[PDB]
Each structure stands twice: as structure tokens, then as C-alpha cells.
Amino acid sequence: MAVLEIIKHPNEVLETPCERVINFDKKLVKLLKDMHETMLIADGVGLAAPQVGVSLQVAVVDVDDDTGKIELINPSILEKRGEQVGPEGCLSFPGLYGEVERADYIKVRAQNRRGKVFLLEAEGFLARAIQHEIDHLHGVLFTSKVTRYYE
């Protein structure tokens, strides 16, 4: 495995929309493996490929141990219900936290490492993390949705 450098705001790669993954190959699997440990070593709960300099629709989230690691390739949100307001941060903006409103429940369609399509339902913090990472894949950063930063 390799500890990948996490790209910090500012950097253009962070605002670049990502291409869909077309080849589900060994390089993709290594990217995901490296991203997950890099993310945890940095005490993060989500990480998207553009944050490690790769413009592909690939992200991973890992909040609870029971749930565990969820790798998302070419994810799309099929349904959103309810709202939740709370603090949000990002490994690409060290120490920056702001209040962001996100859907509370989401239904997500995405592919795994082999290209198989799965359906995932999430709520609360996990749903917040997933929404934040999917935004990265479209070149959107959380600062664009912060309503207020904390003192």
C-alpha cells in the first residue's frame, strides 16, 4: 500500500468534474486500497479520488465499524428524503468546519471494484459523508454549501 498525498484547497484538481470509471482493473483496486488507508491514517471518514489527484468517479467512506468500508464507483443518488443540519469538514481543508444542510436519507446506486451495480440506503452521518464525497466527484466542494462557519 501507499500513503497518498491528500491535495489541499487550493488546487484545481479539486474543482474538476471526474470521468466515469470504464476499466475496472488492478490499478483501480490499488487506488481504492491506498485511498482507504490514507483516509484513516489522516482521521478522515470519507475520501474521493480527486483529493489524491485522480479525476475518476471513485470514493470511499468508512464511519461505523459494523457498517464498515463502503467503496463507491460511479455513484449516483436515486432518492433523497428529509434534511439534517450540522458540522462538516474535509481532509482537503484542514481544520475548516462549517454548517451544511444535507439530505438525511439517501438511496445510492454505485458499482463495486468488479463493476457490479449495488443499491445502498443510508441516513444521518453516513448519508452526509456519502453526499459530500459524491459532490467531490463532480468538482463540488463543501465550502460552496456552507451556511455559516463556526467561531
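One-based numbering along the sequence shown.
As recorded in the PDB entry, 89-97 is the stretch of 89-97 and 111-119 with the greater mean C-alpha temperature factor. Mean C-alpha B-factor is higher over 3-11 than over the other stretch, the pair under comparison being 140-148 and 3-11. Reading the B-factor column for the CA atoms of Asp65, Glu37, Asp43, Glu83 in the entry, the top value corresponds to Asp65. Split the chain's modelled residues into thirds by C-alpha temperature factor. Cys18 is in the lowest one.
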